[PDB]
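One chain comes next, on its own, written as structure tokens: the form deposited without the partner chain.
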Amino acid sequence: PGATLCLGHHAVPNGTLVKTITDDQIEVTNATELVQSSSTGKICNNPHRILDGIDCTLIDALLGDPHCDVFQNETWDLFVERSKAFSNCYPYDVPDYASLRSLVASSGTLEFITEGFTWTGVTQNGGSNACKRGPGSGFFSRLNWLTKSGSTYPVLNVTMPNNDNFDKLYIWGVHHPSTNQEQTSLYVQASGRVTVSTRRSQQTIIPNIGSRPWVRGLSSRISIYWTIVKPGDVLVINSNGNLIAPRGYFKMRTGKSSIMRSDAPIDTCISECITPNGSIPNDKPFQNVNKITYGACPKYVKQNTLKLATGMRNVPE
């Protein structure tokens, strides 16, 4: 006479293997994945404002390449550069290209304010057939090619004060010709010089004459430089030749803006975390998609799978 009372736990037919401190593989009833290893392959247009350059790099839209004149006065939270982007204007080079790209991307705006620079004794709006705007020649929309007027090239001394409550970004350039004939024909003097200066900074460039490889029909170059003028300071331009003059300034901003190289398409969805492989969910703590991220993203790790146990040890029959 009597009864038996047994204590026990549950089990499952198919368990899950997980790692522990002691055992490399141990079977539990259930587990969950902590590493996001897949992406949809499309960048969601929300909540972050995405601006696709299509066939334009950021520097081209900044300078004003003709086929990039659609991104004027534009803003963005993430600018996406494609691999198909091309340059279709005057052959140029930017010493410290990465820094200018980074600062413009972190600013997050291409808002351009035009200023009435006073150019006394020079021909304005010079162009070239390698940078066609419409059927005829053209040039960078935010730059002005100053050349000879009459037969003399005056020593230009122009000033522009910063009386606003925000920083100003000025993009200017120096023209490097291919032969002394071109130099003397366009800028009279045999050797030019450009000096862009503030109260605490100076930048003097001497043009260099020589034949470069043929790019879009030209063996001449343009060197692009930038200058930031703070409130209360003054920009001074002193040039005796080969000046690619600015037309105004860019309003510098500070925020959460950035840039990303990616070839994934842009879709209408919502996702906080974007990678070059596409948008990924932010519910898991880690991710193995790409080390390049933007937004509220899981932390990148080398492991493709990490399973966290959500149940007890699975001891079947």
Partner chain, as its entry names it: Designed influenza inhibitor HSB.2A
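Numbering follows the first chain given and starts at 1.
- Higher mean CA temperature factor between 62-70 and 288-296: 62-70, per the PDB entry.
- Stretches compared: 94-102, 123-131. Higher mean C-alpha B-factor in the entry: 123-131.
- Across the residues 212, 84, 175, 247, the deposited record lists the maximum Cα B factor for 212.
- Of the candidates 153, 112, 79, 225, the one whose C-alpha carries the top B factor in the deposited record is 153.
- Per the deposited record, the Cα B-factor of residue 1 falls in the middle third when ranked against the other modelled residues of its chain.
- In this PDB entry, the Cα temperature factor of residue 166 sits in the top third of its chain's modelled residues, the highest group.
- Per the PDB record, residue ranking by Cα B-factor puts residue 55 in the highest third of the chain.
- When the modelled residues of the chain are ordered by their C-alpha B factor, residue 144 lands in the highest third.
- Annotation for residue 195: C-alpha temperature factor in the highest third relative to the rest of the modelled chain, per the entry.
The form deposited with the partner chain bound exists for this protein as well; it is not shown, and the discussion that follows is about that form.
- Using a 4.5 Å cutoff between non-hydrogen atoms, residue 168 does not count as a contact of the partner chain in the deposited complex.
- Shown alone here, residue 220 lies within 4.5 Å of the partner chain in the deposited complex, counting heavy atoms only.
- With a 4.5 Å cutoff on heavy atoms, residue 147 counts as touching the partner chain in the deposited complex.
- In the deposited complex, the partner chain sits within 4.5 Å of a heavy atom of residue 128.
- Shown here without the partner chain, the chain has 182, 185, 186 in 181-198 lying with a heavy atom within 4.5 Å of that partner in the deposited complex.
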